[PDB]
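Below you'll find the structure, written out as structure tokens, and then a few comments.
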Amino acid sequence: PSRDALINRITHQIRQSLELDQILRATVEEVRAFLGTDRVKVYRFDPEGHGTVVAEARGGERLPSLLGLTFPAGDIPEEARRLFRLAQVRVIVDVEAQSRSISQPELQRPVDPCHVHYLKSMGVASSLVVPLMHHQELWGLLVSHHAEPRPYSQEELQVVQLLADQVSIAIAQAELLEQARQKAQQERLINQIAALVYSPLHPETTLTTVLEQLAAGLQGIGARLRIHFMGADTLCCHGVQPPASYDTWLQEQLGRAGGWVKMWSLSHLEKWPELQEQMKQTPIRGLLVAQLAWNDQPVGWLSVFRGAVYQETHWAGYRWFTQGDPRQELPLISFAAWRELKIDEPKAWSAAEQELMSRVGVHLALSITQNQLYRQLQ
Ligand SMILES: CCC1=C(C)/C(=C/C2=NC(=C\c3[nH]c(/C=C4\NC(=O)[C@H](C)[C@H]4CC)c(C)c3CCC(=O)O)/C(CCC(=O)O)=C2C)NC1=O
């Protein structure tokens, strides 16, 4: 009926863009408009299971904004994620009655008291959670909260489920486009670095920009390059730098020959407590290192540095972070917990980024070896 026309229009709106942010904003807005509820949100999960409120629509100021909030994976037990990975919608109509209805696509159960206390503390009277699948995994959740009690029609449930399936498809296609674009940008960065590597300009001028653009494309707070080959011993830096002893460290752990690419977090430097502490006194929390050695002989070292991942977000820009709404008590505690897990942990680099590091390192090693052999034959 008019239901199918509504689903058609909303699906057109969700699928209009291949940009993930536009997809999720259209999703939350359209679903909140359909349901008339106070707050509709999308929670996205990371590989470790931690959740981030990545999109949000509100009908007014009755419920506070949670956009940008992050919470530890443990806030949703694996027992709940099991049901969600088996495609399962969960509605709590009354928080005071503590009822929990569970429905499948295509009658009342109890609910854990801790989650009831959580929803009460946020001033949430009614909750509807629909899972968002990506291939076989649980990409995230579509969440509708309301400050007064309200039931949910079965046709409302099926409309939200069908919209969730369209959201899943849009997520997959946006991912296809994003992977293509990232592959393009990575190859472009490799070639742009090679453009400056063999350039006849002053090495200190070109290589500093090389390190700067390398740090840029790998979202690193800094970059460093130490060449120690034949008669050439040089050190170029950009951005945040480690203590100089780091260089000597890389020379004494060469057996961990040839060329390689390695990742390290601050935690991985537990063996060397003095270097670990010096590194701590630095914003550096992650290191991507490439031993420049295209030939069998070691040539140098190329490093990119990332900070702690928590610092990568302007948490003070959010309303929930600074303003003392009591309903933000338990969410903020959750955030605190998450902050305790990622206060010294960096964002890891992908396998594609490590391969990029390896390729840039091969270019660097070959270039330096060629130049030094040409200067030694003189
Ligand atoms: C963005 C702010 C926010 C957070 C963080 C949040 C947490 C949260 N707790 C959930 C469930 C759950 N959470 C818990 C347990 C707990 N959870 C805790 O934070 C405690 C540490 C612990 C109790 C001691 C349990 C047991 C469930 C499953 C409840 C059930 O369906 O029976 C779910 C899954 C949705 C659902 O099935 O209702 C979410 C999203 N909800 C929000 O809106």
Side-chain angles (χ1 to χ4, degrees), residues 24 28 31-32 35 37-46 48-58 62-104 107-133 137-147 149-152 157 160-161 164 313 315 318-321 323 325-342:
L24 302 178
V28 286
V31 167
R32 195 228 64 82
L35 289 179
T37 53
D38 291 331
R39 187 174 60 202
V40 173
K41 304 170 291 300
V42 172
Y43 301 175
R44 192 185 178 171
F45 299 121
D46 71 1
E48 294 160 294
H50 310 305
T52 294
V53 187
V54 288
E56 178 183 62
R58 295 192 297 152
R62 187 156 57 173
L63 285 183
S65 173
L66 298 172
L67 181 66
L69 196 133
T70 312
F71 57 86
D75 281 3
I76 311 181
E78 184 64 20
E79 299 70 83
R81 300 168 187 261
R82 152 198 67 198
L83 266 50
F84 284 142
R85 270 181 296 271
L86 305 189
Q88 206 63 234
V89 317
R90 189 174 75 194
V91 41
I92 294 99
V93 177
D94 252 349
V95 167
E96 313 325 291
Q98 308 173 18
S99 298
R100 175 169 162 262
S101 178
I102 288 179
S103 185
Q104 294 179 345
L107 299 176
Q108 213 72 207
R109 298 298 176 180
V111 47
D112 182 283
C114 171
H115 190 50
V116 180
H117 171 69
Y118 208 99
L119 297 174
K120 200 285 273 177
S121 153
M122 309 173 61
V124 173
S126 185
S127 162
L128 163 67
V129 180
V130 180
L132 292 183
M133 309 297 296
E137 289 179 346
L138 179 62
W139 185 100
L141 301 169
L142 182 56
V143 189
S144 181
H145 289 177
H146 204 69
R150 66 153 276 170
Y152 294 85
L157 259 62
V160 176
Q161 180 60 61
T313 303
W315 305 105
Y318 295 119
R319 196 107 39 81
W320 55 266
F321 174 75
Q323 323 300 75
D325 189 316
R327 292 169 301 186
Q328 310 286 31
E329 178 185 359
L330 264 48
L332 267 181
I333 292 169
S334 288
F335 179 64
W338 179 84
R339 178 187 181 271
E340 202 69 22
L341 304 171
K342 299 296 184 177

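The residues of the chain are indexed from 1 along the displayed sequence. Atoms within a ligand are numbered from 1 in the order they appear, just like the ligands themselves. Quick note: numbers below take in every heavy atom, side chains included, and nothing from hydrogens, waters or symmetry partners.
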Quiz item: Out of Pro77, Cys114, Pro331, who gets a non-hydrogen atom closest to atom 24 (C) of ligand 1?
Solution: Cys114

Quiz item: Charged N to carboxylate O under 4.0 angstrom, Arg81 versus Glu137?
Solution: no

Exercise. Would you check whether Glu79 reaches within less than 4.0 Å of ligand 1, judged by its heavy atoms?
Key: no

Quiz prompt | Those atoms of ligand 1 less than 4.0 Å from some heavy atom in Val129 | solution = 35 (C), 36 (C), 38 (O)

Exercise. Report, as yes or no, whether the 6.0 Å neighbourhood of atom CZ on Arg319 holds more than 12 heavy atoms from other residues, nucleotides or ligands.
Key: no

Quiz item: atom 43 (O) of ligand 1: which of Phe335, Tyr118, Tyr43 has the nearest heavy atom?
Solution: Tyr43

Quiz item: Which residue pairs pass the ring-ring contact (aromatic ring centres under 6.0 Å, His included) test when at least one of the two sits in residues 77-102, sequence neighbours left out?
Solution: none

Quiz item: Would you say the side chain of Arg62 lies within less than 4.5 Å of the side chain of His146, judging by non-hydrogen atoms?
Solution: yes

Quiz item: Counting each atom of ligand 1 from 1 as listed, which ones have a heavy atom of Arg100 under 4.0 Å away?
Solution: 30 (C), 31 (O), 32 (O)

Quiz prompt | Contacts of type salt bridge (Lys or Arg N to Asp or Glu O under 4.0 Å), residue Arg339, not counting sequence neighbours | solution = none

Quiz prompt | Per-atom contacts of ligand 1 with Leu69, taking only distances under 4.0 Å to non-hydrogen atoms | solution = 1 (C)

Self-check item: Closest to atom 14 (C) of ligand 1 (judged by heavy-atom distance), picking from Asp75, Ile76, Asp112
Solution: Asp75

Quiz item: In the protein, which heavy atom is nearest to atom 10 (C) of ligand 1, and how far is it?
Solution: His115 CE1, 3.3 Å

Quiz item: Backbone, side chain, both or neither: what part of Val53 comes under 4.0 angstrom of ligand 1, heavy atoms only?
Solution: side chain

Quiz item: Between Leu332 and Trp320, is any pair of side-chain heavy atoms under 4.5 Å apart?
Solution: yes

Self-check item: pair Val130-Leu141: side-chain heavy atoms closer than 4.5 Å
Solution: no

Self-check item: Atoms of ligand 1 close to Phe84 [distance to a heavy atom under 4.0 angstrom, numbered from 1]
Solution: 37 (O)

Quiz item: Among protein heavy atoms, which lies nearest atom 34 (C) of ligand 1, and at what distance?
Solution: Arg90 NH2, 3.1 Å

Exercise. For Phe71, counting its heavy atoms only, list the atoms of ligand 1 lying under 4.0 Å from any of them.
Key: 5 (C)

Quiz item: Side chains of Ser101 and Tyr152: is there a donor and an acceptor less than 3.5 Å apart?
Solution: no

Self-check item: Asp75 side chain near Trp338 side chain, heavy-atom distance below 4.5 Å
Solution: no

Quiz item: Looking only at N/O atoms, are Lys41 and ligand 1 under 3.5 Å apart anywhere?
Solution: no

Quiz item: ligand 1 versus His145, non-hydrogen atoms closer than 4.0 Å: side chain, backbone, both, neither?
Solution: side chain

